[PDB]
Ligand SMILES: Nc1ncnc2c1ncn2[C@@H]1O[C@H](COP(=O)(O)OP(=O)(O)OP(O)(O)=S)[C@@H](O)[C@H]1O
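Numbering (UniProt numbering), first residue to last: 678 to 739, 768 to 921.
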C-alpha cells in the first residue's frame, strides 16, 4: 500500500506550505477517489505520493508507477508509439486498450489510418484526443499504481461513462491495480473504496463511503 504520515511541503525551498498534515493509506486493489474544490491540493497531493515533491517533515512509503497528468503531453511520433510508450507491442492487449478508450474510430478518422505522425505537441489533434491518448498510455503499461489527474475534463458524458466502465471498472479493476483518480463527479463515488476530501491543502475527511456518510 501507499502510506503517508504527516504531509508537509511546498513549491519553494522556503515559504508558506501548501501541504500540511496529510496522512493517507492507499491499499492495493482499490479505486481511490480524490475530490475537493478548485485549489485544495489534489494534484499537489497526487505528485506528493509520486515522490515528485520531497516533503519537509513527513513519511511516505509505497517503485515504477504509471501517471497521466492533467495537461496531456505527447511525443513527436506516431499514435501507436505514444500508446505503447517503449513497450513490446501486443495484439490483444493493444487492441483491448484501443477499444476500451474510445479511440479506434477517431484514429481511423485521421488522414493516415494509424501510425499517423502526431504533430509537434499535437497541432493536428484536439484536446479530447490528446487526453484519451494519455489515458491510453497510462493504461497500456504493465505496472501496479496508476494515477489519473482529471481525465474526464475534455470528454463527453457518454465517453466518460464508457471509459470508466470498460477501462476503469472492468480493465483496471480486472488486474487488481491501485487506481487513484482525481475527478469531481457523482457516478464514481459509489464505485470507489476510499474518498478523500481536500480543502485548503488539508484532508478534512478520510475513509470509505459509509465512513463518510456517517460523519459530519
Ligand atoms: N508546478 C507548480 N509550480 C508552482 N506552483 C504550483 C504548481 N502546481 C500547483 N501549484 C500551486 O498549488 C496550488 C494548488 O494547486 P492544485 O493542487 O493543482 O489545485 P487543485 O484544485 O487541488 O487541483 P486542480 O486544479 O484540478 S490541477 C495553486 O494555487 C498553485 O499556485
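Note that the Cβ used here is the ideal one computed from N, Cα and C, for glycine as well.
Check: In whole angstroms, what is the alpha-carbon distance linking residue 705 and residue 805?
Finding: Your numbering for residue 705 matches position 28 in the chain shown. Your numbering for residue 805 matches position 100 in the chain shown. The straight-line gap from Cα to Cα measures roughly 23 Å.
Next item on the list: Report the rounded CA-to-CA distance for residue 830 versus residue 920, giving the unit in angstroms.
Entry: The count along the chain shown starts at 1 and reaches residue 830 at position 125. The count along the chain shown starts at 1 and reaches residue 920 at position 215. In a straight line, the C-alpha of residue 830 is about 45 Å away from that of residue 920.
Item checked: Sequence-distant residues of its chain with Cβ nearer than 7 Å to residue 772 (five each side left out) -> Indexing the chain shown from 1 puts residue 772 at position 67. Within the same chain, residue 772 has close Cβ partners 727, 843 and 852.
Notebook entry, point to check: Skipping 5 residues on each side, what residues in its chain have a beta carbon closer than 6 Å to that of residue 888?
Noted result: The sequence position of residue 888 within the chain shown is 183, counting from 1. 855 and 857.
Notebook entry, point to check: Does DSSP put residue 797 in a helix, a strand or coil?
Noted result: Sequence index remark: in the chain shown, residue 797 carries index 92 (1-based). Looking at residue 797 - three-state DSSP - the assignment turns out to be helix.
Next item on the list: Determine, using beta carbons only, whether residue 713 and residue 890 come nearer to each other than 8 Å.
Entry: Working through the chain shown from its first residue, we reach residue 713 at position 36. Working through the chain shown from its first residue, we reach residue 890 at position 185. Not closer than 8 Å, so no.
Next item on the list: Would you check whether ligand 1 has a heavy atom nearer than 7 Å to the C-beta of residue 840?
Entry: Against the chain shown, residue 840 aligns to sequence position 135. No, since every heavy atom of ligand 1 falls outside the 7 Å radius drawn around the Cβ of residue 840.
Check: If you count every other CB in all the chains shown that lies within 10 Å of the CB of residue 795, and 16 or more means buried, which is it?
Finding: To locate residue 795, count along the chain shown from 1; it is residue 90. Exposed is the call here.
Next item on the list: Taking the CB atoms as reference points, tell me whether residue 709 and residue 899 lie closer together than 8 Å.
Entry: Taking the chain shown and counting its residues from 1, one reaches residue 709 at position 32. Taking the chain shown and counting its residues from 1, one reaches residue 899 at position 194. Contact check for residue 709 against residue 899 passes: the beta carbons are separated by less than 8 Å.
Notebook entry, point to check: Mind checking residue 847: buried by the 16 CB within 10 Å criterion, or exposed?
Noted result: Within the chain shown, residue 847 is the residue found at index 142, counting from 1. Residue 847 should be labelled exposed.
Check: When the Cα atoms are used, what is the spatial distance from residue 693 to residue 873?
Finding: By one-based count along the chain shown, residue 693 stands at place 16. By one-based count along the chain shown, residue 873 stands at place 168. The alpha-carbon atoms of residue 693 and residue 873 are separated by roughly 37 Å.
Margin query: I need the DSSP call for residue 830, collapsed to helix, strand or coil.
Written below: Position 125 of the chain shown, counting from 1, holds the residue named residue 830. Residue 830 falls in the coil class under three-state DSSP.
Margin query: For a test of the three-state rule: what should DSSP assign to residue 790, helix, strand or coil?
Written below: As a working mapping, residue 790 is identified with position 85 in the chain shown. Coil.
Check: Residues in its own chain within less than 7 Å of residue 833 by CB, not counting five upstream and five downstream?
Finding: Within the chain shown, residue 833 is the residue found at index 128, counting from 1. Only 859 and 860 meet the Cβ criterion.
Check: Taking 7 Å as the line, does the beta carbon of residue 855 fall inside it for any heavy atom of ligand 1?
Finding: Within the chain shown, the letter at position 150 stands for residue 855. At a cut-off of 7 Å, the beta-carbon of residue 855 counts as near ligand 1: some heavy atom of the ligand is closer than that.
Check: When you compare only the Cα positions, how much space is there between residue 837 and residue 820?
Finding: Counted from its first residue, the chain shown places residue 837 at position 132. Counted from its first residue, the chain shown places residue 820 at position 115. Each residue's Cα considered, the two are about 16 Å apart.
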